[PDB]
Amino acid sequence: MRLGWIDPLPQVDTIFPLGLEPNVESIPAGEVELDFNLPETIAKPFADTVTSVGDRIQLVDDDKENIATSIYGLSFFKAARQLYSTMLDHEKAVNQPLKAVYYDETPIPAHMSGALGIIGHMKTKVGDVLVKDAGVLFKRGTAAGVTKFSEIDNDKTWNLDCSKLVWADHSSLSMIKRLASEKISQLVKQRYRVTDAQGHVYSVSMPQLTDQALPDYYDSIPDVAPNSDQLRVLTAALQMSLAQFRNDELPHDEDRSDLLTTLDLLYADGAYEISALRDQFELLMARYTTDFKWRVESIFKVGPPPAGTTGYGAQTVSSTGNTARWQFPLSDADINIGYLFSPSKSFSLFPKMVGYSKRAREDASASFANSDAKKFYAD
Amino acid sequence: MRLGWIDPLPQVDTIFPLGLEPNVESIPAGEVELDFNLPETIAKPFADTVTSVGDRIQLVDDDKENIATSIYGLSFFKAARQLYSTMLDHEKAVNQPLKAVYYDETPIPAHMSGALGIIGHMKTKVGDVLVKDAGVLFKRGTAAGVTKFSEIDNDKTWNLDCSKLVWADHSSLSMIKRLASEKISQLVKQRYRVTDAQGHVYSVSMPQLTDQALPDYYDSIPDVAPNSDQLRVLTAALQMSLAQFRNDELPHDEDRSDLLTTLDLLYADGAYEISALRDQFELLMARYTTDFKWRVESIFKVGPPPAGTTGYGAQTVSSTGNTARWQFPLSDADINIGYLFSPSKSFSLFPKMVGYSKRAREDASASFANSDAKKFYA
Amino acid sequence: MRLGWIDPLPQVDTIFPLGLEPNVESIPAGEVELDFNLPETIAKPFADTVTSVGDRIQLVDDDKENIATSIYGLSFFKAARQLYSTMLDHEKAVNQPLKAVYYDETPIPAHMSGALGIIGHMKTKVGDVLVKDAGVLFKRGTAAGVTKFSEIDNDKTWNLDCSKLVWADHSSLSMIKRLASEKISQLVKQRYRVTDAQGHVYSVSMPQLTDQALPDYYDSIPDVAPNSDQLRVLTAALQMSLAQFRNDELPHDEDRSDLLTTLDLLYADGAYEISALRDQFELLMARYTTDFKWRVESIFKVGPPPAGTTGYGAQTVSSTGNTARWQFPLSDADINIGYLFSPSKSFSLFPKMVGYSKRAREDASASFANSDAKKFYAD
Amino acid sequence: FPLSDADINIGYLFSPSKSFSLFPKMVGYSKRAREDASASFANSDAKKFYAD
Amino acid sequence: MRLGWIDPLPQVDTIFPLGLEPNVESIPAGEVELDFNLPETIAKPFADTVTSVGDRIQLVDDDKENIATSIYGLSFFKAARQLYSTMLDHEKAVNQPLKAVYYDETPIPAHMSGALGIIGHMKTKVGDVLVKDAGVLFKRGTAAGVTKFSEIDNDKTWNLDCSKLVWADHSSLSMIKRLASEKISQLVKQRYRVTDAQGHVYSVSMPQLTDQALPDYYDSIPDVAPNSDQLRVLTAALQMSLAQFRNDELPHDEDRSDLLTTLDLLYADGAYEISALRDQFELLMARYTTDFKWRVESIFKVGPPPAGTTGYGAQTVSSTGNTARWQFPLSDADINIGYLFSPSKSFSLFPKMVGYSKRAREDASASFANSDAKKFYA
């Protein structure tokens, strides 16, 4: 039943009565980062195709656009539904407020559905490989649909770059802090030559956040150091609690507007605030049902929105030009679909197993050796 | 068939024949770093019974000890054989001189032979997983056997920690160079204060060797920076040419003596020089045949030494007390033998596949989508 | 099995045991030069017809044009596919970069397909008759489609006379040099009267490029001679290597801009450069699939694009008025189709066979004569 | 060149030859240029993404 | 059975059992001189598709060019392998050092492998037809691959026309000596006038080197005779000992520099020295594995390199335009592959058989005849 990844060793069972059973030592087994625009990459072909089939019911140019715009937004909403459908029980839980996005079953073009069906966490013969920052993604994906739809009317209430939004929850905070660490070590690679009373040019660089205490690391930042400001904000973020993040009370009296403007994120608040998104979604959906559903379904062969429990290999494919690249063995369907929408940003498989023996190694070894024993000293 | 690691996509139709067949891009697709002592860990149990059972037979003192020593020595010699057997074409070419080690078929305790069989490069469903630094290891494993056997006569000609030895061939060079980069990005993590007129004592570190050219990096090293001298040597080493390394003429006039002492290595020359080992091996073998073979073979059921084509999953396990630890799915015997000898220091799998397409994505998608268009009827 | 072109000779077999078997001494056996606009000549009727059937789905005037424009471009692309499909293996090889043009199977009007099916190299009971400069044509045909499509939007990036394009490859160079030789001998037919210290009017003319060495022929060109400049450029071209053609380093320090402006060609570069054409093709095709395919297929009965292995007799027909002309015997289908689209510019059949005898002519003759021998001296 | 026994024997009895040369010369014509034929030969190992 | 080349004599009876069985006397019974460029001619088509298809994939510029270069280099390396594989026992012995070239089994485009299979000595119904100067060629073919691969890095260490290289082994020597005789009987055809007091201007030429001894022939060379200096060198060369040639101490104090420059050859030493090539090969191979193997194998369906026992008729064909030309009967595939790569420069078949007889011809004939005698009747 175990992954036939490599040829098994042919051996004598003197050893066999040990008990070493495989146990998943670390969770999860892998991780996949999805390209935010995946929903758009998929919607695109359909949206465009509207210029053709839209004629089946004689749609004016203006209407053709709205229909297409809907297909983009619809794609986002349905991709969210899918992702949410595959989330770990805790994530489905915390994201309860926007579950209407998951519940809604508005039909979409058949193949459009099939493609979307590839996203979400995936269970594999190696363990669970999760969609990185799924919680954040789920909300961004949701915000995006709310924004695309808000184009039907120049309503500027929802007019941000959803691909940068972060909320005041742990899922976001956790990501914030990670992007902080990465950003730091990226800056600490620069070199500024501080000329001292000693010697001349001293091509040097800011210390790496190795073993210092966060508070201390902050102090020890040379006002002179390149991007010395950012290092301050970022180090502060690595400290800040969820609480402080809400109230803009970043440890070393730092501004959240900087932390965000540094990592190039936007603070999802006001309009893009969860409960607001809910209402907005429910409305746009109602509108879609009364103003476009009929048109969309009169143009395309539609089917039910994906909402399964696993994602697929395709999520691990990257495309550029006429080449497609993946890592672990994929089926053809996965390679093809993967090639069409180059869905992944990164992908890591890091399984870790552990087993326990009921025998000390010294004894087990002893037996192994006693196999070649001769009569004069065998049992 | 391909690796059935995850479930296949429910054949999302259409998509003309893009021709995306799979191709391995990563050669190798993974590496395993075996524990230098594996052959010792294996012989241990047998060598041991040679000490316990010894007394009941008339095998005692110097003798008992030599028989036991032999087993460790043969263990290294036989493990070398195996490794060589599974080396890439050119790897065998380069080690041509020590091919006598590969040919020798002296019997060994049967199960000891079986265990050594796990050693070597592996062919796997994701590509080729190689034994990191095989060339260096094959030579170390060989020197180790010559060294162990030397204990029989106390002959101190071969008296060195074989784990550290490095020769003047390319295999060893790459290793030196890698171990250098390791050290640099390791030392550079250290801090030191620069008390300046303008702004009191600072706190900075030696700049990471990023995109800067080796030459300049060398110069730009302040004597004040912790381990200033070493950074110099190691940087210089990153520049060496196999020839330079072989003649102690390291760029920026550094000493091989330091480069090696910094990386806690030893230069295999004089006695441990390839050629010399070859001869000594031949003698040790002819000596073993006459003098110890009979005892060794009267204590154990022996069998032919391994000489397979591939290593095995087992090489991927790590042990401590009563726990084993591995990464990717192994058979049972692989996990078992693995727990008994804890063969690996580290293991990395990192596949990369590639496919080519007749058409670009735009039209491919435009079509995929077009299948949902409804036909203008009446 | 041999071409029953003429009545066979009735003869006695004393001779017959010779071995003279026919072998193709020279390749190819023939050559056909196609009228560049053949794709347009064919598309035309369909493009026009759109004004009628376009109504089946109520197309606005603007859209009707784009649809038609597409049919022109589509014709070019599919004609290229066909030609490429019949090319000798070396040509298919060198032209590998634009093979997407060959691969694409977008449907076109049924009869439009049938007509296009006539183009390309043709295997005959006399040998292979090739489409002259097929390689160059294939690219020009391709460039043309890319240009027609670039009219849907006034995109002037692709706005040249594809019928004059030449690239930096051997197929083009080879043609260049040929057009040079022809051009020369066309100019060397003029007469300029150089009055000397000797006599008066000396109606003379520039020497013919008979046996001179190219370098020498260049020098010996009288500054006075009519179109003396051209003779210089052209003679230079006859020398230039492929290498020099790229870098504008024409032997006798001549400008490529002249060589081209003389033979009335354009240097395909920048926009019309192979790899650029590829990308451009892939895009326009994608666009066609999403903006017109449905419309086109809702108007016409469409079929698969030609892509066979042989061209047909029709390629050798010329039309003018109500008369149609060809050379070697053609079927009716070939004459008719040929008449509708007057596809050829020129056509030559120059087969060359060679055979070897196992007997010297003197012996074979001897035997032939011994047939009428009488008893007193026969064997 | 290889002879039958009868030929070797009779030949041995009367040593009939002073000299002997075999200098055959064959020639063949292809209906395809070498460059094309070569192209095809190579296209045999072609993969899907660029085969016909 | 024997070669059924001609019709068998209608069994002219009698003749007691003389015992005239056939025996090959000519060893070899024929030779083929392969065109040094055969491996290039073969790789051409493949290397080419690597340039055309390259662009559609993301393979471009330096890269596209290196992949293509590899194919030429592997073509030489693999053609060497083949040739060595079919060499006579001692031929392999002498080239022992470069045996790594023979062992390497790196895959190549399948049909490219198939084509290289035509290379090598042949076993035939008339004796053994050998590849003239195999030793020299095997080494040239090897140097060629090392040289081609050097283009990847522009490394000009290996920058020579490998077709000319000659080493200081016997294989090369015989060649030198032969090429010498060639030149002499070639230059000696030239005339020069000797205006004498007794009888005006004459017209004579340097005497053909017939039965005269090399030493004397040397002296007897008039500075006036066209190409006087060369005749000297070449004659001297006919006298050299492998040792002399190897140390530039040519008899009659001539210079190897001239001998080689006369015969438009090059002395393989320094970089192109046997040993050096061995090492460089091993590196090139380890480099190819990591860096180019994946691309090469993703463009073509590859297969194992040839390593047969015999070459084939194909090696006997010559091509030009659309005509092929051979001498003795070849199969169809032999004529075809032959026309595609025009592998031969020259080809000579020259069998010689021998038989022994128990009795002399006189009595043998006297008997043959006696069978027609009539028996005295009554």
# chains A, B, ... in the order shown; residues from 1 in each chain; ligands from 1
>>> select_by_dssp(residues="stretch 288-352 of chain E", states="helix (DSSP H, G or I)", output="ChimeraX atom specification")
/E:288-291,293-299,313-316,332-341
>>> write_last_selection(atoms="N, CA and C atoms", output="PDB file, in the first residue's frame")
ATOM      1  N   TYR E 288      28.752  16.661 -18.701  1.00  0.00           N
ATOM      2  CA  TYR E 288      27.623  16.393 -19.601  1.00  0.00           C
ATOM      3  C   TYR E 288      26.424  15.804 -18.855  1.00  0.00           C
ATOM      4  N   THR E 289      26.688  14.841 -17.973  1.00  0.00           N
ATOM      5  CA  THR E 289      25.641  14.184 -17.194  1.00  0.00           C
ATOM      6  C   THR E 289      24.723  15.151 -16.469  1.00  0.00           C
ATOM      7  N   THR E 290      25.334  16.060 -15.723  1.00  0.00           N
ATOM      8  CA  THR E 290      24.604  17.046 -14.944  1.00  0.00           C
ATOM      9  C   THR E 290      23.951  18.140 -15.751  1.00  0.00           C
ATOM     10  N   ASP E 291      24.800  18.815 -16.513  1.00  0.00           N
ATOM     11  CA  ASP E 291      24.429  19.966 -17.311  1.00  0.00           C
ATOM     12  C   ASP E 291      23.685  19.849 -18.625  1.00  0.00           C
ATOM     13  N   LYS E 293      22.768  16.431 -20.295  1.00  0.00           N
ATOM     14  CA  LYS E 293      22.031  15.190 -20.482  1.00  0.00           C
ATOM     15  C   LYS E 293      20.516  15.399 -20.531  1.00  0.00           C
ATOM     16  N   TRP E 294      19.953  16.094 -19.544  1.00  0.00           N
ATOM     17  CA  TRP E 294      18.502  16.255 -19.530  1.00  0.00           C
ATOM     18  C   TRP E 294      17.896  16.883 -20.781  1.00  0.00           C
ATOM     19  N   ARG E 295      18.498  17.951 -21.301  1.00  0.00           N
ATOM     20  CA  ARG E 295      17.976  18.585 -22.515  1.00  0.00           C
ATOM     21  C   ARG E 295      18.064  17.591 -23.661  1.00  0.00           C
ATOM     22  N   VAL E 296      19.289  17.160 -23.959  1.00  0.00           N
ATOM     23  CA  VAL E 296      19.532  16.208 -25.035  1.00  0.00           C
ATOM     24  C   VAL E 296      18.511  15.074 -25.034  1.00  0.00           C
ATOM     25  N   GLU E 297      18.269  14.488 -23.868  1.00  0.00           N
ATOM     26  CA  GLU E 297      17.317  13.394 -23.767  1.00  0.00           C
ATOM     27  C   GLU E 297      15.846  13.792 -23.790  1.00  0.00           C
ATOM     28  N   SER E 298      15.555  15.087 -23.738  1.00  0.00           N
ATOM     29  CA  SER E 298      14.166  15.528 -23.776  1.00  0.00           C
ATOM     30  C   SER E 298      13.817  15.953 -25.194  1.00  0.00           C
ATOM     31  N   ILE E 299      14.829  16.023 -26.052  1.00  0.00           N
ATOM     32  CA  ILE E 299      14.623  16.423 -27.436  1.00  0.00           C
ATOM     33  C   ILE E 299      14.528  15.185 -28.315  1.00  0.00           C
ATOM     34  N   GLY E 313      29.000  -3.400 -44.488  1.00  0.00           N
ATOM     35  CA  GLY E 313      29.195  -3.009 -45.867  1.00  0.00           C
ATOM     36  C   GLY E 313      29.083  -1.513 -46.088  1.00  0.00           C
ATOM     37  N   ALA E 314      28.104  -0.882 -45.441  1.00  0.00           N
ATOM     38  CA  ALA E 314      27.877   0.554 -45.574  1.00  0.00           C
ATOM     39  C   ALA E 314      29.170   1.372 -45.586  1.00  0.00           C
ATOM     40  N   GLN E 315      30.127   1.002 -44.733  1.00  0.00           N
ATOM     41  CA  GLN E 315      31.416   1.697 -44.651  1.00  0.00           C
ATOM     42  C   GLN E 315      32.120   1.784 -46.007  1.00  0.00           C
ATOM     43  N   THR E 316      31.587   1.078 -46.997  1.00  0.00           N
ATOM     44  CA  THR E 316      32.160   1.011 -48.333  1.00  0.00           C
ATOM     45  C   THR E 316      31.575   1.977 -49.365  1.00  0.00           C
ATOM     46  N   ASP E 332      20.604  -3.702 -49.046  1.00  0.00           N
ATOM     47  CA  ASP E 332      19.946  -2.444 -49.357  1.00  0.00           C
ATOM     48  C   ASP E 332      20.182  -1.414 -48.271  1.00  0.00           C
ATOM     49  N   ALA E 333      20.001  -1.820 -47.021  1.00  0.00           N
ATOM     50  CA  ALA E 333      20.212  -0.906 -45.910  1.00  0.00           C
ATOM     51  C   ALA E 333      21.673  -0.470 -45.890  1.00  0.00           C
ATOM     52  N   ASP E 334      22.574  -1.365 -46.297  1.00  0.00           N
ATOM     53  CA  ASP E 334      23.993  -1.025 -46.326  1.00  0.00           C
ATOM     54  C   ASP E 334      24.197   0.102 -47.346  1.00  0.00           C
ATOM     55  N   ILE E 335      23.600  -0.040 -48.532  1.00  0.00           N
ATOM     56  CA  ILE E 335      23.712   0.986 -49.578  1.00  0.00           C
ATOM     57  C   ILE E 335      23.036   2.293 -49.165  1.00  0.00           C
ATOM     58  N   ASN E 336      21.933   2.183 -48.433  1.00  0.00           N
ATOM     59  CA  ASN E 336      21.186   3.351 -47.982  1.00  0.00           C
ATOM     60  C   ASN E 336      21.908   4.166 -46.924  1.00  0.00           C
ATOM     61  N   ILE E 337      22.248   3.523 -45.813  1.00  0.00           N
ATOM     62  CA  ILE E 337      22.960   4.213 -44.752  1.00  0.00           C
ATOM     63  C   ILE E 337      24.239   4.740 -45.367  1.00  0.00           C
ATOM     64  N   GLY E 338      24.795   3.968 -46.293  1.00  0.00           N
ATOM     65  CA  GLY E 338      26.018   4.375 -46.957  1.00  0.00           C
ATOM     66  C   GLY E 338      25.887   5.684 -47.723  1.00  0.00           C
ATOM     67  N   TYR E 339      24.780   5.839 -48.445  1.00  0.00           N
ATOM     68  CA  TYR E 339      24.530   7.039 -49.226  1.00  0.00           C
ATOM     69  C   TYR E 339      24.273   8.250 -48.336  1.00  0.00           C
ATOM     70  N   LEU E 340      23.686   8.014 -47.172  1.00  0.00           N
ATOM     71  CA  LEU E 340      23.390   9.100 -46.245  1.00  0.00           C
ATOM     72  C   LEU E 340      24.609   9.728 -45.581  1.00  0.00           C
ATOM     73  N   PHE E 341      25.619   8.916 -45.289  1.00  0.00           N
ATOM     74  CA  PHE E 341      26.785   9.426 -44.594  1.00  0.00           C
ATOM     75  C   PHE E 341      28.126   9.311 -45.300  1.00  0.00           C
TER      76      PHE E 341
END
>>> residues_around(residues="residue E:150", least_positions_apart="6", cutoff="9 Å", atoms="only C-alpha atoms", output="PyMOL selection string")
chain E and resi 156-159+284
>>> select_by_dssp(residues="stretch 104-235 of chain E", states="strand (DSSP E or B)", output="compact mmCIF listing (two decimals) with C-alpha atoms, in the first residue's frame")
# COMPACT_ATOMS: atom_id res chain seq x y z
CA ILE E 108 22.34 9.06 -27.74
CA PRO E 109 19.54 9.67 -30.24
CA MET E 122 34.60 -6.65 -40.73
CA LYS E 123 34.61 -10.44 -40.83
CA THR E 124 33.85 -11.48 -44.42
CA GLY E 127 38.90 -12.76 -44.94
CA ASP E 128 39.21 -9.79 -42.62
CA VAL E 129 38.59 -6.32 -44.02
CA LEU E 130 40.11 -3.81 -41.58
CA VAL E 131 39.61 -0.10 -40.87
CA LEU E 165 47.11 14.59 -34.97
CA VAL E 166 49.64 11.75 -34.70
CA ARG E 191 61.36 17.47 -63.72
CA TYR E 192 64.23 20.00 -63.73
CA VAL E 204 65.67 14.72 -65.83
CA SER E 205 64.01 13.85 -62.51
>>> interface_residues(of="chain E", to="chain D", cutoff="7 Å", atoms="only C-alpha atoms", output="MDAnalysis selection string")
chainID E and resid 2:3 8:9 11:12 45:46 109:111 126 299:301 321:328 340 351 361 365
>>> write_last_selection(atoms="C-alpha atoms", output="mmCIF file, in the first residue's frame")
data_model
loop_
_atom_site.group_PDB
_atom_site.id
_atom_site.type_symbol
_atom_site.label_atom_id
_atom_site.label_comp_id
_atom_site.auth_asym_id
_atom_site.auth_seq_id
_atom_site.Cartn_x
_atom_site.Cartn_y
_atom_site.Cartn_z
ATOM 1 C CA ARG E 2 32.266 -20.886 -49.596
ATOM 2 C CA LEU E 3 31.413 -17.660 -51.449
ATOM 3 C CA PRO E 8 31.535 -24.349 -59.927
ATOM 4 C CA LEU E 9 33.397 -26.547 -62.393
ATOM 5 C CA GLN E 11 33.235 -31.939 -61.325
ATOM 6 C CA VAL E 12 35.982 -33.024 -63.718
ATOM 7 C CA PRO E 45 20.844 16.054 -38.760
ATOM 8 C CA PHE E 46 20.252 15.796 -35.018
ATOM 9 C CA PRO E 109 19.536 9.675 -30.243
ATOM 10 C CA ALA E 110 18.490 6.119 -31.113
ATOM 11 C CA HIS E 111 19.040 6.293 -34.877
ATOM 12 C CA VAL E 126 37.075 -13.648 -48.126
ATOM 13 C CA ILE E 299 14.623 16.423 -27.436
ATOM 14 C CA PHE E 300 15.338 12.931 -28.751
ATOM 15 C CA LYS E 301 14.288 9.353 -28.195
ATOM 16 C CA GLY E 321 24.651 14.858 -54.693
ATOM 17 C CA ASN E 322 22.151 12.090 -55.376
ATOM 18 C CA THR E 323 24.520 9.264 -56.303
ATOM 19 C CA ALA E 324 26.088 6.523 -54.209
ATOM 20 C CA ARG E 325 29.003 4.420 -55.339
ATOM 21 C CA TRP E 326 30.387 1.103 -54.085
ATOM 22 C CA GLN E 327 32.371 -1.887 -55.342
ATOM 23 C CA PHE E 328 31.245 -5.253 -54.058
ATOM 24 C CA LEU E 340 23.390 9.100 -46.245
ATOM 25 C CA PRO E 351 42.152 -11.868 -51.017
ATOM 26 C CA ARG E 361 51.505 -32.110 -60.411
ATOM 27 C CA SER E 365 48.213 -35.171 -64.254
#
>>> interface_residues(of="chain E", to="chain C", cutoff="6 Å", atoms="only C-alpha atoms", output="count of residues only")
3
>>> closest_atom_pairs(of="chain B", to="chain E", cutoff="12 Å", atoms="only C-alpha atoms", output="JSON lines")
{"residue": "B:20", "atom": "CA", "partner": "E:298", "partner_atom": "CA", "distance": 10.9}
{"residue": "B:21", "atom": "CA", "partner": "E:298", "partner_atom": "CA", "distance": 9.0}
{"residue": "B:22", "atom": "CA", "partner": "E:298", "partner_atom": "CA", "distance": 8.4}
{"residue": "B:23", "atom": "CA", "partner": "E:298", "partner_atom": "CA", "distance": 5.8}
{"residue": "B:24", "atom": "CA", "partner": "E:294", "partner_atom": "CA", "distance": 6.4}
{"residue": "B:25", "atom": "CA", "partner": "E:294", "partner_atom": "CA", "distance": 5.2}
{"residue": "B:26", "atom": "CA", "partner": "E:294", "partner_atom": "CA", "distance": 7.4}
{"residue": "B:27", "atom": "CA", "partner": "E:290", "partner_atom": "CA", "distance": 5.4}
{"residue": "B:28", "atom": "CA", "partner": "E:290", "partner_atom": "CA", "distance": 7.3}
{"residue": "B:29", "atom": "CA", "partner": "E:290", "partner_atom": "CA", "distance": 10.4}
{"residue": "B:87", "atom": "CA", "partner": "E:286", "partner_atom": "CA", "distance": 11.8}
{"residue": "B:88", "atom": "CA", "partner": "E:286", "partner_atom": "CA", "distance": 8.8}
{"residue": "B:89", "atom": "CA", "partner": "E:104", "partner_atom": "CA", "distance": 5.6}
{"residue": "B:90", "atom": "CA", "partner": "E:282", "partner_atom": "CA", "distance": 5.5}
{"residue": "B:91", "atom": "CA", "partner": "E:286", "partner_atom": "CA", "distance": 8.0}
{"residue": "B:92", "atom": "CA", "partner": "E:100", "partner_atom": "CA", "distance": 8.8}
{"residue": "B:93", "atom": "CA", "partner": "E:100", "partner_atom": "CA", "distance": 5.8}
{"residue": "B:94", "atom": "CA", "partner": "E:282", "partner_atom": "CA", "distance": 6.8}
{"residue": "B:95", "atom": "CA", "partner": "E:282", "partner_atom": "CA", "distance": 10.5}
{"residue": "B:96", "atom": "CA", "partner": "E:100", "partner_atom": "CA", "distance": 8.8}
{"residue": "B:97", "atom": "CA", "partner": "E:97", "partner_atom": "CA", "distance": 11.4}
{"residue": "B:127", "atom": "CA", "partner": "E:294", "partner_atom": "CA", "distance": 11.2}
{"residue": "B:128", "atom": "CA", "partner": "E:290", "partner_atom": "CA", "distance": 11.3}
{"residue": "B:169", "atom": "CA", "partner": "E:279", "partner_atom": "CA", "distance": 10.2}
{"residue": "B:170", "atom": "CA", "partner": "E:283", "partner_atom": "CA", "distance": 8.5}
{"residue": "B:171", "atom": "CA", "partner": "E:283", "partner_atom": "CA", "distance": 10.3}
{"residue": "B:352", "atom": "CA", "partner": "E:294", "partner_atom": "CA", "distance": 10.6}
{"residue": "B:353", "atom": "CA", "partner": "E:294", "partner_atom": "CA", "distance": 9.7}
{"residue": "B:354", "atom": "CA", "partner": "E:298", "partner_atom": "CA", "distance": 8.3}
{"residue": "B:355", "atom": "CA", "partner": "E:298", "partner_atom": "CA", "distance": 8.2}
{"residue": "B:356", "atom": "CA", "partner": "E:57", "partner_atom": "CA", "distance": 6.6}
{"residue": "B:357", "atom": "CA", "partner": "E:57", "partner_atom": "CA", "distance": 8.0}
{"residue": "B:358", "atom": "CA", "partner": "E:56", "partner_atom": "CA", "distance": 8.1}
{"residue": "B:359", "atom": "CA", "partner": "E:56", "partner_atom": "CA", "distance": 9.1}
{"residue": "B:360", "atom": "CA", "partner": "E:56", "partner_atom": "CA", "distance": 9.3}
>>> interface_residues(of="chain A", to="chain C", cutoff="10 Å", atoms="only C-alpha atoms", output="short mmCIF file (atom, residue, chain, number, x, y, z; two decimals) with N, CA and C atoms, in the first residue's frame")
data_model
loop_
_atom_site.label_atom_id
_atom_site.label_comp_id
_atom_site.auth_asym_id
_atom_site.auth_seq_id
_atom_site.Cartn_x
_atom_site.Cartn_y
_atom_site.Cartn_z
N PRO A 45 -10.38 32.83 -20.66
CA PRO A 45 -10.82 32.21 -21.91
C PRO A 45 -12.33 32.26 -22.12
N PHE A 46 -13.07 32.04 -21.05
CA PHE A 46 -14.52 32.07 -21.12
C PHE A 46 -15.03 33.50 -21.29
N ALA A 47 -14.57 34.39 -20.41
CA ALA A 47 -14.97 35.79 -20.49
C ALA A 47 -14.81 36.27 -21.93
N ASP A 48 -13.61 36.08 -22.48
CA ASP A 48 -13.33 36.50 -23.85
C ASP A 48 -14.30 35.88 -24.85
N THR A 49 -14.44 34.56 -24.79
CA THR A 49 -15.33 33.82 -25.70
C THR A 49 -16.74 34.40 -25.81
N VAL A 50 -17.13 35.24 -24.84
CA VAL A 50 -18.46 35.83 -24.85
C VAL A 50 -18.71 36.68 -26.09
N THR A 51 -17.67 37.32 -26.61
CA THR A 51 -17.84 38.15 -27.79
C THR A 51 -18.47 37.33 -28.92
N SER A 52 -18.16 36.04 -28.95
CA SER A 52 -18.71 35.13 -29.95
C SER A 52 -20.14 34.75 -29.61
N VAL A 53 -20.29 33.72 -28.76
CA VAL A 53 -21.60 33.20 -28.35
C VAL A 53 -22.61 34.20 -27.82
N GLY A 54 -22.15 35.36 -27.36
CA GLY A 54 -23.08 36.35 -26.85
C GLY A 54 -24.15 36.68 -27.88
N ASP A 55 -23.82 36.46 -29.15
CA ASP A 55 -24.74 36.74 -30.25
C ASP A 55 -25.94 35.80 -30.31
N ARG A 56 -25.78 34.59 -29.78
CA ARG A 56 -26.88 33.62 -29.78
C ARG A 56 -28.16 34.30 -29.28
N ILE A 57 -28.01 35.26 -28.37
CA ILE A 57 -29.16 35.99 -27.85
C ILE A 57 -29.02 37.48 -28.10
N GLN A 58 -28.22 37.84 -29.10
CA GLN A 58 -28.02 39.23 -29.48
C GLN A 58 -27.72 40.14 -28.29
N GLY A 321 6.13 30.01 -21.61
CA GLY A 321 6.38 29.75 -23.01
C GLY A 321 5.68 28.47 -23.39
#
>>> atom_distance(atom1="atom CA of residue A:357", atom2="atom CA of residue A:13")
14.9 Å
>>> residues_around(residues="stretch 234-236 of chain B", least_positions_apart="3", cutoff="10 Å", atoms="only C-alpha atoms", output="PyMOL selection string")
chain B and resi 176-177+179-184+209+214-215+217-219+229-231+239-240+250-256+258-260+262-263
>>> atom_distance(atom1="atom CA of residue C:358", atom2="atom CA of residue E:31")
27.4 Å
>>> residues_around(residues="residue A:345", least_positions_apart="4", cutoff="7 Å", atoms="only C-alpha atoms", output="VMD selection string")
chain A and resid 33 to 35
>>> atom_distance(atom1="atom CA of residue B:267", atom2="atom CA of residue B:120")
25.2 Å
>>> residues_around(residues="residue A:255", least_positions_apart="4", cutoff="12 Å", atoms="only C-alpha atoms", output="VMD selection string")
chain A and resid 229 to 230 232 to 234 236 to 237 240 244 to 251 259 to 262
>>> closest_residue(among="A:322, A:160, A:112, A:104", to="chain D", atoms="only C-alpha atoms")
A:322
